file start.cif (mmCIF, C-alpha atoms)
data_target
loop_
_atom_site.label_atom_id
_atom_site.label_comp_id
_atom_site.auth_asym_id
_atom_site.auth_seq_id
_atom_site.Cartn_x
_atom_site.Cartn_y
_atom_site.Cartn_z
CA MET H 1 16.96 -24.17 -23.03
CA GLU H 2 15.61 -24.29 -26.58
CA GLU H 3 15.03 -28.07 -26.50
CA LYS H 4 12.59 -27.38 -23.72
CA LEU H 5 11.32 -24.24 -25.44
CA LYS H 6 10.54 -26.01 -28.70
CA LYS H 7 8.43 -28.29 -26.50
CA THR H 8 6.96 -25.43 -24.44
CA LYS H 9 4.79 -22.48 -25.54
CA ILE H 10 5.94 -18.86 -25.39
CA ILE H 11 3.63 -15.99 -24.45
CA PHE H 12 4.09 -12.23 -24.33
CA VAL H 13 1.90 -10.34 -21.88
CA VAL H 14 2.47 -6.67 -22.62
CA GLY H 15 1.03 -3.64 -24.41
CA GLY H 16 1.21 0.13 -24.03
CA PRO H 17 2.94 2.05 -21.17
CA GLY H 18 0.29 3.14 -18.70
CA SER H 19 -2.31 0.67 -19.94
CA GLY H 20 -2.04 -1.77 -17.05
CA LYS H 21 -0.42 -4.74 -18.77
CA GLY H 22 1.62 -5.85 -15.76
CA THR H 23 -1.39 -5.57 -13.48
CA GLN H 24 -2.85 -8.63 -15.20
CA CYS H 25 0.47 -10.15 -16.35
CA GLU H 26 1.32 -11.57 -12.92
CA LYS H 27 -2.36 -12.22 -12.26
CA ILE H 28 -1.88 -14.62 -15.15
CA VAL H 29 0.78 -16.52 -13.28
CA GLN H 30 -1.76 -16.57 -10.51
CA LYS H 31 -4.33 -18.10 -12.87
CA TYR H 32 -2.44 -20.51 -15.16
CA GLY H 33 1.12 -20.03 -13.91
CA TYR H 34 2.83 -18.62 -16.99
CA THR H 35 6.30 -17.56 -15.84
CA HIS H 36 6.33 -13.80 -15.36
CA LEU H 37 9.46 -12.50 -17.14
CA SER H 38 10.13 -9.08 -18.56
CA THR H 39 12.75 -8.61 -21.27
CA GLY H 40 14.04 -5.73 -19.16
CA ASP H 41 14.42 -7.26 -15.71
CA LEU H 42 16.32 -9.98 -17.54
CA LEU H 43 19.21 -7.59 -18.08
CA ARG H 44 18.26 -5.62 -15.00
CA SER H 45 18.82 -8.71 -12.90
CA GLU H 46 21.77 -9.64 -15.10
CA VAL H 47 23.52 -6.27 -14.76
CA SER H 48 25.00 -7.69 -11.54
CA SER H 49 27.51 -9.79 -13.51
CA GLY H 50 26.50 -8.39 -16.87
CA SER H 51 27.73 -5.05 -15.51
CA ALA H 52 30.36 -5.33 -18.24
CA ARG H 53 27.74 -4.22 -20.74
CA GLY H 54 25.53 -3.02 -17.88
CA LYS H 55 27.28 0.26 -18.44
CA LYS H 56 24.61 1.44 -20.90
CA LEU H 57 21.41 -0.61 -20.39
CA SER H 58 21.69 0.09 -16.65
CA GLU H 59 20.81 3.75 -17.23
CA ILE H 60 18.61 3.08 -20.28
CA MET H 61 16.30 1.02 -18.18
CA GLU H 62 16.24 4.08 -15.95
CA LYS H 63 16.08 6.25 -19.05
CA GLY H 64 13.02 4.55 -20.46
CA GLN H 65 15.06 4.03 -23.59
CA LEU H 66 15.35 0.74 -25.50
CA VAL H 67 16.69 -2.47 -23.97
CA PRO H 68 19.41 -4.60 -25.70
CA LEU H 69 17.90 -6.03 -28.88
CA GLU H 70 20.66 -8.63 -29.06
CA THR H 71 20.31 -9.96 -25.51
CA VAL H 72 16.51 -9.82 -25.15
CA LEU H 73 16.13 -13.05 -27.13
CA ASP H 74 19.14 -14.87 -25.74
CA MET H 75 17.84 -13.84 -22.36
CA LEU H 76 14.29 -14.57 -23.32
CA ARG H 77 15.62 -18.02 -24.13
CA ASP H 78 17.22 -17.67 -20.74
CA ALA H 79 13.97 -16.62 -19.07
CA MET H 80 12.01 -19.69 -20.15
CA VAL H 81 14.48 -22.56 -19.59
CA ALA H 82 14.56 -22.01 -15.81
CA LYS H 83 10.81 -22.83 -15.83
CA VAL H 84 10.03 -24.63 -19.07
CA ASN H 85 10.48 -27.88 -17.20
CA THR H 86 7.39 -27.05 -15.14
CA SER H 87 5.89 -24.19 -17.16
CA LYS H 88 3.25 -25.05 -19.76
CA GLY H 89 4.16 -21.73 -21.21
CA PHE H 90 5.46 -18.39 -20.01
CA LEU H 91 4.70 -14.68 -19.92
CA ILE H 92 6.85 -12.05 -21.60
CA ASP H 93 6.11 -8.57 -20.32
CA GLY H 94 7.85 -5.26 -21.05
CA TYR H 95 8.27 -6.25 -24.71
CA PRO H 96 11.72 -6.79 -26.34
CA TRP H 97 12.08 -3.91 -28.81
CA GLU H 98 10.35 -4.01 -32.19
CA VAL H 99 9.29 -6.55 -34.83
CA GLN H 100 8.38 -5.31 -38.32
CA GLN H 101 10.07 -8.53 -39.46
CA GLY H 102 9.15 -11.55 -37.35
CA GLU H 103 12.15 -13.74 -38.12
CA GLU H 104 14.22 -12.93 -35.04
CA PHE H 105 12.55 -13.86 -31.75
CA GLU H 106 11.80 -17.45 -32.75
CA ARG H 107 15.26 -17.46 -34.30
CA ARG H 108 16.72 -17.56 -30.79
CA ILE H 109 14.04 -19.13 -28.64
CA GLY H 110 12.65 -21.37 -31.38
CA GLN H 111 8.85 -21.25 -31.17
CA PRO H 112 6.44 -18.32 -30.57
CA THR H 113 2.95 -19.38 -29.45
CA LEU H 114 1.03 -16.24 -28.52
CA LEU H 115 1.55 -12.46 -28.36
CA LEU H 116 -0.51 -10.07 -26.19
CA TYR H 117 -0.96 -6.31 -26.58
CA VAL H 118 -2.62 -4.36 -23.77
CA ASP H 119 -4.52 -1.75 -25.77
CA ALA H 120 -4.97 1.43 -23.80
CA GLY H 121 -3.86 5.00 -24.41
CA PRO H 122 -6.23 7.61 -25.88
CA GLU H 123 -8.74 6.87 -23.16
CA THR H 124 -6.78 5.15 -20.38
CA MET H 125 -3.01 5.75 -20.48
CA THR H 126 -3.88 9.43 -20.57
CA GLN H 127 -5.88 9.09 -17.40
CA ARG H 128 -3.36 6.67 -15.86
CA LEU H 129 0.02 8.32 -16.53
CA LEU H 130 -1.29 11.12 -14.30
CA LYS H 131 -1.72 9.42 -10.94
CA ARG H 132 1.64 7.83 -11.52
CA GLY H 133 3.11 11.01 -12.99
CA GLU H 134 1.45 14.10 -11.48
CA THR H 135 1.42 12.85 -7.90
CA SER H 136 5.13 12.55 -8.51
CA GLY H 137 5.33 15.81 -10.44
CA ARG H 138 6.22 14.09 -13.70
CA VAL H 139 5.69 14.86 -17.36
CA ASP H 140 3.45 11.87 -18.04
CA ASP H 141 1.02 14.26 -16.39
CA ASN H 142 0.35 15.46 -19.95
CA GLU H 143 -3.19 14.00 -19.84
CA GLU H 144 -3.82 16.29 -22.82
CA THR H 145 -0.75 15.35 -24.85
CA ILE H 146 -0.69 11.69 -23.73
CA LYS H 147 -2.99 11.06 -26.66
CA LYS H 148 -0.23 12.22 -28.98
CA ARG H 149 2.46 10.40 -27.01
CA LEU H 150 0.24 7.41 -27.62
CA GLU H 151 -0.41 8.46 -31.21
CA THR H 152 3.30 8.38 -31.91
CA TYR H 153 3.17 5.05 -30.13
CA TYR H 154 0.96 3.80 -32.94
CA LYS H 155 3.50 4.24 -35.74
CA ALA H 156 5.79 2.04 -33.63
CA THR H 157 3.71 -0.86 -32.25
CA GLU H 158 0.46 -0.43 -34.19
CA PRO H 159 2.06 -1.58 -37.51
CA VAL H 160 3.40 -4.51 -35.48
CA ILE H 161 0.33 -5.82 -33.68
CA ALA H 162 -1.78 -5.58 -36.82
CA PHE H 163 1.10 -7.29 -38.63
CA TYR H 164 0.72 -10.16 -36.17
CA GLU H 165 -3.06 -9.82 -36.43
CA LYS H 166 -2.73 -10.79 -40.08
CA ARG H 167 -1.39 -14.13 -38.92
CA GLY H 168 -4.05 -13.96 -36.27
CA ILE H 169 -1.53 -14.74 -33.53
CA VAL H 170 -1.36 -11.48 -31.60
CA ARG H 171 -4.30 -10.64 -29.35
CA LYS H 172 -4.77 -7.05 -28.23
CA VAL H 173 -6.39 -6.67 -24.86
CA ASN H 174 -8.62 -3.65 -24.26
CA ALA H 175 -6.93 -1.81 -21.41
CA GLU H 176 -8.96 1.16 -22.56
CA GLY H 177 -10.39 1.12 -19.03
CA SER H 178 -10.12 -0.61 -15.63
CA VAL H 179 -8.27 -3.77 -14.56
CA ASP H 180 -11.18 -5.94 -15.59
CA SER H 181 -11.50 -4.07 -18.86
CA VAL H 182 -7.91 -5.05 -19.56
CA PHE H 183 -7.97 -8.39 -17.68
CA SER H 184 -11.03 -10.11 -19.15
CA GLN H 185 -9.05 -9.85 -22.36
CA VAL H 186 -5.56 -10.73 -21.14
CA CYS H 187 -7.02 -14.18 -20.53
CA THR H 188 -8.56 -14.28 -23.99
CA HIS H 189 -5.10 -14.33 -25.45
CA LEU H 190 -3.92 -16.79 -22.82
CA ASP H 191 -6.94 -19.03 -23.43
CA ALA H 192 -6.46 -18.65 -27.18
CA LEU H 193 -3.20 -20.60 -27.22
CA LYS H 194 -4.40 -23.00 -24.55
#

call {"tool": "encode", "arguments": {"input": "start.cif", "output": "structure tokens"}}
result
Amino acid sequence: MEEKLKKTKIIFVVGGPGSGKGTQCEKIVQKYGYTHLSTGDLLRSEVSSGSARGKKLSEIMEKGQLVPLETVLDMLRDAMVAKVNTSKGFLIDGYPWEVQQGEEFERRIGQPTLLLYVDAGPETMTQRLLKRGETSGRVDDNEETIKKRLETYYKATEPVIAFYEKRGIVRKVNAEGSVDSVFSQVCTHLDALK
């Protein structure tokens, strides 16, 4: 795993819920071929056997809560190996949990190359969460409050992205609009490590 990882580049294609990260994420695989792997589906697909621990994360993933912070990396190291052999690099969508430190992800995988943040929310996620929420009769339908749900999102990820912006490694995409508004950028980050 790692031996290949150290040799391969890691990429994280993700951002804010309702921005449209995933929309481009796979489109990336379509463009360069970065392995599309979410830190969630890793345990979601692992719950089969992993069902031992699956007890909690199984519902969390359904709860929208936080995914295992301990497994995300070991699994992230698990998500790359199966492709590193043929993958120049790989995509990490869904995001692990939280940084605010740095020394953790690379501590398992071994080498972080690029980090993407699909920046939407005040303008977009508010307008997006609706069609996905309201048509379903959800709460995300808070097109008025979504700004604040996104505001509170700042205190969480915002101090992180910027933190990575200091190193100039993270690249926030502008999902503040349509697919192309978010996509012309998703590739900027992908072409930045290239």

call {"tool": "resolve_selection", "arguments": {"input": "start.cif", "expression": "the PyMOL selection byres ((chain H and resi 80) around 8)", "output": "PyMOL selection string"}}
result
chain H and resi 1+5+35+76-79+81-84+90

call {"tool": "closest_residue", "arguments": {"input": "start.cif", "among": "H:192, H:52, H:129, H:37", "to": "residue H:114", "atoms": "only C-alpha atoms"}}
result
H:192

call {"tool": "resolve_selection", "arguments": {"input": "start.cif", "expression": "the PyMOL selection byres ((chain H and resi 153-164) around 9)", "output": "PyMOL selection string"}}
result
chain H and resi 15-16+98-102+115-117+148-152+165-172

call {"tool": "closest_residue", "arguments": {"input": "start.cif", "among": "H:22, H:17, H:54, H:94", "to": "residue H:39", "atoms": "only C-alpha atoms"}}
result
H:94

call {"tool": "resolve_selection", "arguments": {"input": "start.cif", "expression": "the PyMOL selection byres ((chain H and resi 122) around 10)", "output": "JSON, numbers by chain"}}
result
{"H": [19, 119, 120, 121, 123, 124, 125, 126, 127, 143, 144, 145, 146, 147, 148, 149, 150, 151, 176]}

call {"tool": "axis_aligned_box", "arguments": {"input": "start.cif", "around": "stretch 158-173 of chain H", "padding_each_side": "5 Å", "output": "lines of an AutoDock Vina configuration file"}}
result
center_x = -1.5
center_y = -7.6
center_z = -32.5
size_x = 19.8
size_y = 24.3
size_z = 25.2

call {"tool": "closest_residue", "arguments": {"input": "start.cif", "among": "H:50, H:177, H:89, H:137", "to": "residue H:29", "atoms": "only C-alpha atoms"}}
result
H:89

call {"tool": "closest_residue", "arguments": {"input": "start.cif", "among": "H:69, H:13, H:75, H:92", "to": "residue H:187", "atoms": "all atoms listed in the file"}}
result
H:13

call {"tool": "closest_residue", "arguments": {"input": "start.cif", "among": "H:51, H:45, H:7, H:18", "to": "residue H:128", "atoms": "only C-alpha atoms"}}
result
H:18

call {"tool": "atom_distance", "arguments": {"input": "start.cif", "atom1": "atom CA of residue H:184", "atom2": "atom CA of residue H:140"}}
result
26.3 Å

call {"tool": "atom_distance", "arguments": {"input": "start.cif", "atom1": "atom CA of residue H:85", "atom2": "atom CA of residue H:109"}}
result
14.8 Å

call {"tool": "atom_distance", "arguments": {"input": "start.cif", "atom1": "atom CA of residue H:93", "atom2": "atom CA of residue H:178"}}
result
18.7 Å

call {"tool": "closest_residue", "arguments": {"input": "start.cif", "among": "H:48, H:58, H:87, H:38", "to": "residue H:73", "atoms": "all atoms listed in the file"}}
result
H:38
